[PDB]
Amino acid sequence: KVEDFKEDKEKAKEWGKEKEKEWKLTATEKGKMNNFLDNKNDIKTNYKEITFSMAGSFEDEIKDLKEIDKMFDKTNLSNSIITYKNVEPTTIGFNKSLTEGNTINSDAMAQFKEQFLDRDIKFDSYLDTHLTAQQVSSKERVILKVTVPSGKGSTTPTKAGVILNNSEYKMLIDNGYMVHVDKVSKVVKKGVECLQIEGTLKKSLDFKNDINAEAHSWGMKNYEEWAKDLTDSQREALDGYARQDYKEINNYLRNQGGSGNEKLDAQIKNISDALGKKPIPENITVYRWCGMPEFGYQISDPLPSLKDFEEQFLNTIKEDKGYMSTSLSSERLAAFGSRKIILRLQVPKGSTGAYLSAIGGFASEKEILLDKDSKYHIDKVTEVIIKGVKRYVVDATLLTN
């Protein structure tokens, strides 16, 4: 069943007052949740940076995040409901001028619908929405009308709950969900034009900087068996790849037409056959810190303007003839802690790849290796300043064949 209090604040208050009970939270926890919400100590302000930070940094914040994680771990969302939240266009990666006064540009909408309609929107942190439409604030001209599926008698429980913040009951949705845009239209609230995104939640695992070390377990829990059932041919090739062969193999595939080397072709065949035995069991999020050359730039070039970057990659499909290595953790590691482009990749259930870390040995850390000839769709680009330097987080959806 689907609720929607629209603009009835009282009847929503009752509802929020009731689900506020279902969430198994002590007053101590509630306080801790509100601190993050009211951005105590700039934790909400630095959250995004935090998720892409190097280990050791933001210790105390991490300790609060680990406590807040354990809280969504107790969400018993029983009823489906329609939440409302207004946001500035920049917050969801829309970087084109959206309004001109109380009016919607027009080219803006075209551009807007082209970028999001029927697409998934990935957010940086826990989404907090309202139970009733909110007055269009300053520049917060995008109205998000997200339908939150209770998914009670459903397989996976909807990790969402109601909290009482600032004299108001609000919906709090865990990191692991994106908003699939179902419909986009122009609406008018009190003489002011805004864009309204009607969408539904869509689950997608996202370990972020893996603060509770849940990534490796998820990986093993799903690919330990796959690892065991590999042939010694496959086990060995994958071990060669991981150890050092990857440099020679990727180069061959990316630059030498992937032809002309009997030896490699054979190893490549085992690797790919291994990689296909078990499609990714569910929608997951992987990460990858990229070097400028990977996006057509020079090793010593600064990031181009955010505008130029969108003109070049926004809405395009980037390919890779080689094998793409990604990670379940967005954690910044010394090996490449200074890359300026971070890929936030959505791997849909059924993608061709495997959690390589399952083979142990020379294997890498928390690695999801995608099969060669991969292709993904760049959905949106946003900025994040990590320890001083500006980086570009490029959200994309993997195309599954």
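When you see a residue number, it is the position in the sequence shown, counting from 1.
> State which stretch shows the higher mean Cα B factor in the entry: 189-197 or 320-328.
Mean C-alpha B-factor is greater for 189-197.
> Quick check: 391-399 versus 2-10, which has the larger average CA B-factor in the record?
So the stretch with the higher mean C-alpha B-factor is 2-10.
> Could you check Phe309, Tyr223, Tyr169, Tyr287 and tell me which one carries the biggest Cα B-factor in the deposited entry?
Among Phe309, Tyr223, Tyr169, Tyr287, the PDB entry lists the largest C-alpha B-factor for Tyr169.
> Just to confirm, going by the entry's C-alpha B-factors, which of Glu59, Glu49, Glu367, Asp371 comes out highest?
That would be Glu59, according to the entry.
> Considering only modelled residues of the same chain, in which third does the CA B-factor of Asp128 rank: lowest, middle or highest?
Tercile = middle for this residue's CA B-factor.
> Considering every modelled residue of the chain and its Cα B-factor in the PDB entry, is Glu248 in the lowest, middle or highest third?
Within its chain, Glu248 is a highest-third residue by C-alpha B-factor, going by the deposited values.
> Could you look up the Cα B-factor of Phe295 in the entry and say which third of the chain it sits in: lowest, middle or highest?
Answer is lowest: the recorded C-alpha B-factor places it there.
> By its CA B factor, does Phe116 count among the lowest, middle or highest third of the modelled residues in the chain?
Its C-alpha B-factor, which the entry lists for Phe116, ranks in the lowest third among residues of this chain.
> What third of its chain's C-alpha B-factors does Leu65 belong to: lowest, middle or highest?
It belongs to the lowest third of the chain when residues are ordered by C-alpha B-factor.
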